[PDB]
Amino acid sequence: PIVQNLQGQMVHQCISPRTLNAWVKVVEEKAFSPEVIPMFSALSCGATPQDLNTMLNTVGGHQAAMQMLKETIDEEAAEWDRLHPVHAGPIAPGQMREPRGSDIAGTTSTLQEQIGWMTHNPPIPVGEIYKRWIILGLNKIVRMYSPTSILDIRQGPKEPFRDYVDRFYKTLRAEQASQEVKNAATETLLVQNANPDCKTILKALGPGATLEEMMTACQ
Amino acid sequence: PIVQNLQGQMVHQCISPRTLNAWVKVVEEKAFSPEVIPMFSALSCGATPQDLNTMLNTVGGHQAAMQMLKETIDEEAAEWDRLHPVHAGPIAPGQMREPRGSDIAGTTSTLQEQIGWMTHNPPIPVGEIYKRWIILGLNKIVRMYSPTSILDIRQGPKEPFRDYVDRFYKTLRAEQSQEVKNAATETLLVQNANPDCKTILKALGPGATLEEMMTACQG
Amino acid sequence: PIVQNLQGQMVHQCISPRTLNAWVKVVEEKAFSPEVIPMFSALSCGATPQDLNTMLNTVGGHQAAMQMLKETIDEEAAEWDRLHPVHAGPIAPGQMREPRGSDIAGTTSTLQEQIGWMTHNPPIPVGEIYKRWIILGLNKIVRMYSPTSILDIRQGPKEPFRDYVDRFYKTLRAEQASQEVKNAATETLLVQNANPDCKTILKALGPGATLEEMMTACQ
Amino acid sequence: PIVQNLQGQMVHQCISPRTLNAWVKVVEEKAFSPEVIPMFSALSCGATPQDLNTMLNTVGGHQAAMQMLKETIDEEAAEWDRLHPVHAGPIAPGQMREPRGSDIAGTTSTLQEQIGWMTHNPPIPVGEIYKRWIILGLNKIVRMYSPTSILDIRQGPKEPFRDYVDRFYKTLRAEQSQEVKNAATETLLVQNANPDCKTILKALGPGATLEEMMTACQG
Amino acid sequence: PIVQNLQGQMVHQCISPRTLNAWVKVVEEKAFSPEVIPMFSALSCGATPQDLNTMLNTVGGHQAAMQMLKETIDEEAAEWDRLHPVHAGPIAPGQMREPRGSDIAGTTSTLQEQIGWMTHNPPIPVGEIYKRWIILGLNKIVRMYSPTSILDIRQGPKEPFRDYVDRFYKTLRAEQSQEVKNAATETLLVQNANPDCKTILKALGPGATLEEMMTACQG
Amino acid sequence: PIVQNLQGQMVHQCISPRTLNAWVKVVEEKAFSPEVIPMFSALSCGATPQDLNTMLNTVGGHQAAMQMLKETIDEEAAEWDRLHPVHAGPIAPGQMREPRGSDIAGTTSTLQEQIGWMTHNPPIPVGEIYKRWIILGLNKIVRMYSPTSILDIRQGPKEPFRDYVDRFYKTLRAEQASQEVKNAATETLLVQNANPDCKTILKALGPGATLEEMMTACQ
Ligand SMILES: CC(C)(C#Cc1ccc(-c2ccc(Cl)c3c(NS(C)(=O)=O)nn(CC(F)(F)F)c23)c([C@H](Cc2cc(F)cc(F)c2)NC(=O)Cn2nc(C(F)(F)F)c3c2C(F)(F)[C@@H]2C[C@H]32)n1)S(C)(=O)=O
Ligand SMILES: CC(C)(C#Cc1ccc(-c2ccc(Cl)c3c(NS(C)(=O)=O)nn(CC(F)(F)F)c23)c([C@H](Cc2cc(F)cc(F)c2)NC(=O)Cn2nc(C(F)(F)F)c3c2C(F)(F)[C@@H]2C[C@H]32)n1)S(C)(=O)=O
Ligand SMILES: CC(C)(C#Cc1ccc(-c2ccc(Cl)c3c(NS(C)(=O)=O)nn(CC(F)(F)F)c23)c([C@H](Cc2cc(F)cc(F)c2)NC(=O)Cn2nc(C(F)(F)F)c3c2C(F)(F)[C@@H]2C[C@H]32)n1)S(C)(=O)=O
Ligand SMILES: CC(C)(C#Cc1ccc(-c2ccc(Cl)c3c(NS(C)(=O)=O)nn(CC(F)(F)F)c23)c([C@H](Cc2cc(F)cc(F)c2)NC(=O)Cn2nc(C(F)(F)F)c3c2C(F)(F)[C@@H]2C[C@H]32)n1)S(C)(=O)=O
Ligand SMILES: CC(C)(C#Cc1ccc(-c2ccc(Cl)c3c(NS(C)(=O)=O)nn(CC(F)(F)F)c23)c([C@H](Cc2cc(F)cc(F)c2)NC(=O)Cn2nc(C(F)(F)F)c3c2C(F)(F)[C@@H]2C[C@H]32)n1)S(C)(=O)=O
Ligand SMILES: CC(C)(C#Cc1ccc(-c2ccc(Cl)c3c(NS(C)(=O)=O)nn(CC(F)(F)F)c23)c([C@H](Cc2cc(F)cc(F)c2)NC(=O)Cn2nc(C(F)(F)F)c3c2C(F)(F)[C@@H]2C[C@H]32)n1)S(C)(=O)=O
Ligand SMILES: [Cl-]
Ligand SMILES: [Cl-]
Ligand SMILES: [Cl-]
Ligand SMILES: [Cl-]
Ligand SMILES: [Cl-]
Ligand SMILES: [Cl-]
Ligand SMILES: [Cl-]
Ligand SMILES: [Cl-]
Ligand SMILES: [Cl-]
Ligand SMILES: [Cl-]
Ligand SMILES: [Cl-]
Ligand SMILES: [Cl-]
Ligand SMILES: [Cl-]
Ligand SMILES: [Cl-]
Ligand SMILES: [Cl-]
Ligand SMILES: [Cl-]
Ligand SMILES: [Cl-]
Ligand SMILES: [Cl-]
Ligand SMILES: [Cl-]
Ligand SMILES: [Cl-]
Ligand SMILES: [Cl-]
Ligand SMILES: [Cl-]
Ligand SMILES: [Cl-]
Ligand SMILES: [Cl-]
Ligand SMILES: [Cl-]
Ligand SMILES: [Cl-]
Ligand SMILES: [Cl-]
Ligand SMILES: [Cl-]
Ligand SMILES: [Cl-]
Ligand SMILES: [Cl-]
Ligand SMILES: [Cl-]
Ligand SMILES: [Cl-]
Ligand SMILES: [Cl-]
Ligand SMILES: [Cl-]
Ligand SMILES: [Cl-]
Ligand SMILES: [Cl-]
């Protein structure tokens, strides 16, 4: 990663063994459950493109997912290059070449060029741009590896309301879109797919009931 | 988090893999037992709103509770917005715009703006405001997910007094101000002791410490 | 905690995850065995009142003991306030208000006021004063949760002398008073409650025998 | 390793016990699965040749592979020596002699000469040259120790498409440029799908993403 | 402990949770095997008397040994006091009073006075004096708690010579100067070998190394 | 160990608990397998003689090996003293006495004298000299505790060539001499002790076949 020293300079630091192990283990145990995204973002804080490639390369298995990840990165790299055409010309003494999509992804850039971009003034944060592409890709994998659709979450006749809301939002969280789309899913399904006893109780509460009030009413 | 370095400057640091793992593990093993609140507050020392969102997003399961958490944040955010009316105007070079409710929660603010506020002179502790909203929300979850009421905690005829007082205060801590929690001790606590110990505790008279009550019902 | 930076200034540091886990685990495994006191004192090195409250709040179970702890803190807080009456008046630019008992315990003080007291010149060590109250309380719990009295430690007819001295001093250590009181207990009971074979051997050694000599003589 | 301290100077540091243990454990559990290469590269960040030799020497077993590693280092070292003819002459007070192939591998160079080269102005990154030779050698071991060929990876008649693509790319990663690895996807991958999914994938037509192919053979 | 920081100043640091845990665990698993002494000396590097008392107080069980430890400290403390007669007089602003025996053990000295002595110019290493008394006491415990005498360690008729020499020196290390420990080797070691190996070792003659003796009784 | 601070000064640091545990555990699990040597060298990076004695003293068991280690150290100490006769005379204000063999081994030197030697300008690296003696001794133990001779490594009639080369070089690695002696062992035995099928294949390859080519030919 790139961290600040006590001189105020952004300097390269080696990825720690603890960081490597934490990412390998979380994929091993949690696969592509939705909480893999925040874990990857936090463990990759300040990462260079080399570090991000290191983390993803240490993943054993799920190679189908990892190949989908490269294809996502490619489309975003192609989009970056079409929005940022590089201008030919000698690079000045105190300057860095402009990065391509392949440079952000680390396939045509050295770690020293990545450090130069990320510690420039102003910085060009190729690590954070790459991370955005990867997380975009990981969001697709989470949505694809989600077993259940939101339309199949129906409260059982003896199922506690808390367990049903647990399943509802767990399923909704794996299908990542905008929250405009997830507020619409709740208003459409959460009360309507409650069991007949709890459904009649919540209809009387009205659309303005908070979830805390809804969960108290079907206790 | 934003911590002070070895020279006296407030700097951003990445959340450590140990901090991430410790919070995930505590929710896994302890759910929303009352001791989850101090663990979250301590593990989030100096956290930015991004860090707090990271910690909350790494929680697997309990998505109904986490959704109640979201609803609580909204009410407090709306209260914050109603107490801090917006002032339109260009933000000056040196200073920073005033944060809205959605900015404290980190949903409409970048990490650099959160760092900018916290290292301002004087600091606007958006991380601590967000943390307070979260703990307010987590406190509600502990109360809702508490299985037993304090009025149902009563000492068995052969149960040692220590075990009953253990159950009593464990339940009371889950049942959340001291206006009536102070009230449960010494008035409900004696009433639900078994007849053998209850007769002993009348003889002790008012003003007995819990150490005196526990000594008196040892045998 | 409050630690020194390289500038010579006492600055606040976040309580580490390792410190939190160590205290939670030691209570889990050792309950209120006497070695819980030194572990708590060492793990709370440099703690603020907030940190001390954090540690105690993370304890799961033993809520009867924890309530006895608050009552001890209250008496010591009441004693502090009666020995340190606060003098009303505006606090000067370069000064701190005088702390109440409730301020030392952290119920009416912010963490910033605790930092101000502890890093003042000269410092008013509210964290170390609070720690003294807590450890005073923990000493009472260890004495109360001790199963055996010193008068019941008698050497068995086939029990090795080392095992008996182990039990003797383990029991004596849980009943914490002054060592004047513990030297008196040894001179009163250690030889007199030895088995008849070892007792006659040690009587000949006389009162001036070291324990190493006593343990060698009954090998 | 040679890392930058908190002030901006490149200093030698001892390899940490965690780094040593992490590398030993990864070889123990993963042998020469493809993900061993990124783990070794990351754990050896900033390594001197002595550090790289330390890591390789701590490997227990797989001594045939480790001997193949030695032979690879020799060929690259001999290539290095053939591209860098020796210049005889007294080495000047300030500067350092040119490193031979055996010097990069650390067999004829002391640790202080390796530090001297790496902190030179400009640096001669002997640690990174050695690391590159090692990874070149480790890449050969992964290919030789890969049990299955990509031409033998074919989808079963009842095997889910995700599991087959998982096996496909796991094998391809073990079978080492993208000149023909790009070729295996989309041409060999469709051919070895089962007849049910194979018929579906013809209908998708050329240019289908892997996400589209995996969605189309879900059911 | 008192350690040197990154700038060259001797500063007090809190004993780490890992140091506390490591010492507790080593006593739990190894008791007073001889290797407990080096572990305690190394884990207490730079310790203050308070730190040494902390480590000793965290030991659970073995309270008879710990009491023998207390008696040893008293004898050495009394010897220290007899060699350092007290000088009455007001202590000067800059300097510190001379420490008594009870001050080195930390029972009548505060932690700040122990820090003051150790950072004095020249230092009075009260922590190292206390540590030496403790190790003197712990050495006695290892001898008393050693089950077997070196005179009872003899090679079996079918026991491999390596295993017998292993038992021999393990016992000798437990049986504590080299005045007669040097004596046990080469004179008692040959005498207690079995007749087959014993006959071989006479033929080797005086001056054989242990490597030569172990090679000669391999078969 | 002796590490560099940020002032550029070589200063003493306490041996870490992690370093102590790592060395104890690696001996426990791996005994004197050849990889114990690099682990000991890396874990003892920058060690003083006191630290090296600490590490070796923490080893439980294998006391026969540890006694052979002292005898090796003695011969090397005697050789050092006969090559470096000390010159009598008062030591100057800014100087250190010359170290004996017993001073390098730490039996007649204080830790402060070891720090003085190791941080002198120029340094006299008693820690690295001692380490050379210890590793010389550990090499002898590895050779002695090796069960199998290189002449007994013969490929089985159904044994895969990789497994045979594994055994061959594992055995050769435990008998440490020069690589001139180990190149001679390979050319003498590796092909000649292959099974008749693989032997005839490799004879046709000729003496110039790399191991990678040899292992491919007997797949
Ligand atoms: C990527 C990254 C940089 C980031 C970020 C990031 C940024 C902001 C916010 C956030 C914070 C507070 C509020 Cl009040 C809202 C809001 N208020 S709202 C009602 O929509 O209008 N919205 N947000 C997101 C916004 F603004 F982006 F929309 C938020 C989140 C929350 C964090 C959070 C998690 C939690 F458990 C409980 C909380 F109180 C807050 N995370 C999510 O909400 C994800 N989630 N999704 C759904 C579902 F789909 F089921 F509905 C569900 C969640 C859920 F909250 F977990 C919970 C079960 C429900 N994260 S990171 C740190 O991962 O690296
Ligand atoms: C989490 C966080 C945000 C914080 C904080 C926080 C802040 C202040 C205080 C506190 C300090 C001193 C006093 Cl004298 C009182 C007081 N005296 S009184 C008579 O009420 O007026 N009260 N308090 C709480 C105050 F201030 F909130 F009111 C306090 C606590 C105590 C600390 C504590 C914990 C403990 F285990 C044992 C102790 F001896 C002291 N913790 C609690 O009390 C929690 N608790 N709750 C209840 C219940 F409700 F069931 F009865 C019960 C407890 C209990 F004490 F454990 C015990 C069984 C009874 N913690 S943090 C720093 O980790 O981030
Ligand atoms: C003590 C210390 C300070 C050091 C060092 C140290 C210094 C240099 C080198 C080294 C590096 C590269 C080459 Cl190309 C040669 C070479 N080329 S060669 C063909 O001989 O001409 N030689 N060397 C040693 C030289 F120069 F000293 F001879 C080397 C080693 C190798 C490290 C290594 C290990 C490995 F697994 C694979 C590698 F690619 C490199 N370690 C050894 O080789 C030990 N070993 N022994 C034998 C056997 F006996 F079976 F043959 C075998 C090995 C083996 F390699 F493991 C492998 C199975 C074969 N270590 S430390 C770090 O431990 O603290
Ligand atoms: C180890 C180290 C030295 C390094 C590096 C390193 C360097 C660059 C790149 C890389 C980055 C971006 C793109 Cl867009 C491409 C590209 N796009 S493409 C169409 O080929 O032209 N290719 N690459 C590799 C390049 F550059 F080498 F060609 C890349 C990688 C990727 C990172 C990655 C890993 C991952 F898991 C999932 C991802 F989405 C991305 N890792 C690999 O690709 C390894 N891999 N191999 C094959 C195989 F051969 F089987 F098909 C397969 C992979 C796979 F991706 F995992 C996936 C199943 C397919 N890593 S390090 C920094 O740790 O020390
Ligand atoms: C709270 C805190 C800040 C502190 C401190 C603290 C301060 C000083 C001392 C101490 C040191 C040396 C001597 Cl010679 C005496 C002494 N000489 S004497 C004979 O009395 O005249 N006295 N002391 C205490 C003094 F001075 F306070 F009295 C001491 C202790 C000892 C530490 C110790 C433990 C140990 F195992 C072996 C040792 F050699 C020293 N701890 C105790 O002794 C507690 N203990 N109690 C009893 C019993 F009740 F059974 F008798 C028993 C012990 C016991 F020692 F463990 C052992 C089985 C016997 N600790 S902390 C670090 O916990 O956070
Ligand atoms: C704990 C601490 C305070 C310290 C220190 C400490 C200080 C010095 C020395 C030492 C160093 C060099 C020599 Cl050449 C001799 C010597 N040569 S000699 C012929 O006697 O004259 N003697 N010594 C001890 C000295 F100086 F004390 F005399 C030494 C040791 C050795 C180091 C060592 C350990 C080891 F495992 C293997 C080694 F090769 C060397 N450790 C011991 O010897 C302990 N030991 N005891 C006996 C017994 F009594 F059973 F025979 C036995 C050992 C043994 F060696 F292990 C082996 C089976 C025999 N350690 S610390 C720094 O951790 O805080
Ligand atoms: Cl780490
Ligand atoms: Cl790790
Ligand atoms: Cl996996
Ligand atoms: Cl890269
Ligand atoms: Cl790659
Ligand atoms: Cl893989
Ligand atoms: Cl960490
Ligand atoms: Cl971790
Ligand atoms: Cl955010
Ligand atoms: Cl989100
Ligand atoms: Cl989830
Ligand atoms: Cl404000
Ligand atoms: Cl930590
Ligand atoms: Cl932890
Ligand atoms: Cl518990
Ligand atoms: Cl507080
Ligand atoms: Cl509270
Ligand atoms: Cl509880
Ligand atoms: Cl470490
Ligand atoms: Cl480790
Ligand atoms: Cl080397
Ligand atoms: Cl070697
Ligand atoms: Cl091996
Ligand atoms: Cl070069
Ligand atoms: Cl720690
Ligand atoms: Cl720990
Ligand atoms: Cl003390
Ligand atoms: Cl005590
Ligand atoms: Cl005890
Ligand atoms: Cl002195
Ligand atoms: Cl450590
Ligand atoms: Cl450890
Ligand atoms: Cl062992
Ligand atoms: Cl020493
Ligand atoms: Cl010794
Ligand atoms: Cl031993």
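Note: ideal-geometry Cβ built from the backbone for every residue, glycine included; neighbour counts use all protein chains shown. Computed from the coordinates by the stated procedures, all read-outs in this text should not be read as laboratory data.
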### Task
Filter segment E:13-52 for residues that are more than 15 Å from ligand 38 (Cβ to nearest atom) and touching a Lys or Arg at 6+ places or on another chain (Cβ under 8 Å) and give the result.
E:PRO34, E:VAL36, E:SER41, E:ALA47, E:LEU52
### Query
For B:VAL59, are the conditions met, namely being touching a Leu at 6+ places or on another chain (Cβ under 9 Å), more than 16 Å from ligand 22 (Cβ to nearest atom) and of a type outside the set (D, E, K, R)?
no
## Note on the structure
Among D:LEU151, D:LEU111, the single one that is under 30 Å from F:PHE161 (Cβ atoms) and more than 16 Å from ligand 40 (Cβ to nearest atom) is D:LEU151
### Selection status of E:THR72, touching a helix residue (DSSP H, G or I) at 6+ places or on another chain (Cβ under 8 Å) and either among the β-branched types (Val, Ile, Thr) or within 16 Å of ligand 30 (Cβ to nearest atom) (or both)
yes
#### Entry: Top-ranked residue of segment C:143-162 - restricted to ones that are within 14 Å of ligand 5 (Cβ to nearest atom) and part of a helix (DSSP H, G or I), ranked as surrounded by the most Cβ atoms within 10 Å (Cβ to Cβ)
C:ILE150
## Note on the structure
Selection from segment A:137-166 of residues aliphatic (A, V, I, L, M) and more than 12 Å from every other protein chain (Cβ to nearest Cβ) yields A:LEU138, A:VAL142, A:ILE150, A:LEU151
### Query
Within the set of pairs 6+ apart or on separate chains, which have a first residue in segment B:40-66 that is within 30 Å of A:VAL191 (Cα to Cα), a second that is assigned to a helix (DSSP H, G or I) and polar (S, T, N, Q), and C-beta atoms under 8 Å apart?
B:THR54/A:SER41
### Message
Of everything in segment F:25-40, what is facing chain D (nearest Cβ under 7 Å) and either closer than 11 Å to D:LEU20 by Cα or surrounded by 21 or more Cβ atoms within 10 Å (Cβ to Cβ) (or both)? Give them in sequence order.
### Response
F:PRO38, F:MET39
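Tell me the residue from A:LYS182, A:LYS170, A:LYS140 that is within 26 Å of the chain's Cα centre (by Cα), in a helix (DSSP H, G or I) and within 19 Å of A:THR210 (Cβ to Cβ), please.
Values: A:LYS170 fails: within 19 Å of A:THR210 (Cβ to Cβ); A:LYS140 fails: within 19 Å of A:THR210 (Cβ to Cβ).
Checking each option against the conditions leaves just A:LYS182.
Mind listing whichever residues of segment D:157-183 are among the small types (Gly, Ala, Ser) and touching a helix residue (DSSP H, G or I) at 6+ places or on another chain (Cβ under 7 Å)? First the steps, then the outcome.
Looking only at segment D:157-183, we keep the residues that are among the small types (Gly, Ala, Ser), and these are D:174, D:177, D:183.
The answer is D:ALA174, and nothing else.
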#### Entry: Residue selected from segment F:41-54 under the condition polar (S, T, N, Q) and under 19 Å from D:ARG18 (Cα atoms), by the criterion nearest to the other protein chains (Cβ to nearest Cβ)
F:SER41
### Message
Looking for something surrounded by fewer than 17 Cβ atoms within 10 Å (Cβ to Cβ) and more than 26 Å from F:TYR169 (Cβ to Cβ) - is there at least one such residue anywhere in segment D:70-83?
### Response
yes
### Query
Can you name the residue in segment E:134-171 that is within 13 Å of chain F (Cβ to nearest Cβ) and of a type in the set (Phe, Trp, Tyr) and, of all such residues, is farthest from the chain's Cα centre (by Cα)?
E:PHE161
### Query
Does segment E:26-52 hold any residues that are more than 10 Å from chain F (Cβ to nearest Cβ), crowded, with 18+ Cβ neighbours inside 10 Å and closer than 21 Å to C:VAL165 by Cβ, and which are they?
E:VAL27, E:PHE32
### Message
Among the residues in segment C:198-213, are any surrounded by 12 or more Cβ atoms within 10 Å (Cβ to Cβ) and of a type in the set (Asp, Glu)?
### Response
yes
### Query
In this structure, is C:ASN193 in a loop (DSSP other than H, G, I, E, B) and either of a type outside the set (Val, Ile, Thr) or more than 16 Å from ligand 12 (Cβ to nearest atom) (or both)?
yes
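Residues in segment A:46-84 that are β-branched (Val, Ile, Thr) and in a loop (DSSP other than H, G, I, E, B): how many? Lay out the reasoning, then the answer.
Keep residues of segment A:46-84 that are β-branched (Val, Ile, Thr), which gives A:48, A:54, A:58-59, A:72-73.
Next, only the ones that are in a loop (DSSP other than H, G, I, E, B) stay: A:48, A:58-59.
Looking only at that region, the number is 3.
Name the residues in segment B:1-20 that are under 19 Å from the mean Cα position of the chain (by Cα) and at the interface with chain A (Cβ under 8 Å from one of its Cβ atoms), would you? Show your work before the answer.
Within segment B:1-20, the first condition is being under 19 Å from the mean Cα position of the chain (by Cα), and the residues that meet it are B:1, B:19-20.
Scanning segment B:1-20 gives a single hit, B:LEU20.
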### Query
Does D:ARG143 qualify as being among the charged types (D, E, K, R) and surrounded by 16 or more Cβ atoms within 10 Å (Cβ to Cβ)?
no
### Task
Take B:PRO123 and decide whether it is within 14 Å of another protein chain (Cβ to nearest Cβ) and surrounded by fewer than 19 Cβ atoms within 10 Å (Cβ to Cβ).
yes
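Any chance you could count how many residues in segment E:1-50 are of a type outside the set (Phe, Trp, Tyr) and within 20 Å of E:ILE141 (Cβ to Cβ)?
Our first condition is that a residue be of a type outside the set (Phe, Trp, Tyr); within segment E:1-50, this holds for E:1-22, E:24-31, E:33-39, E:41-50.
Subsequent filtering for residues that are within 20 Å of E:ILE141 (Cβ to Cβ) retains E:22, E:24-31, E:33-39, E:41-44, E:47, E:49.
Number satisfying all stated conditions: 22.
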### Query
Within the bounds of segment F:65-85, is there any residue that is more than 16 Å from ligand 28 (Cβ to nearest atom), over 18 Å from F:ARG132 (Cβ atoms) and more than 11 Å from chain E (Cβ to nearest Cβ)?
yes
### Task
Report whether or not D:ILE135 is surrounded by 12 or more Cβ atoms within 10 Å (Cβ to Cβ), under 15 Å from D:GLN50 (Cβ atoms) and not charged (D, E, K, R).
no
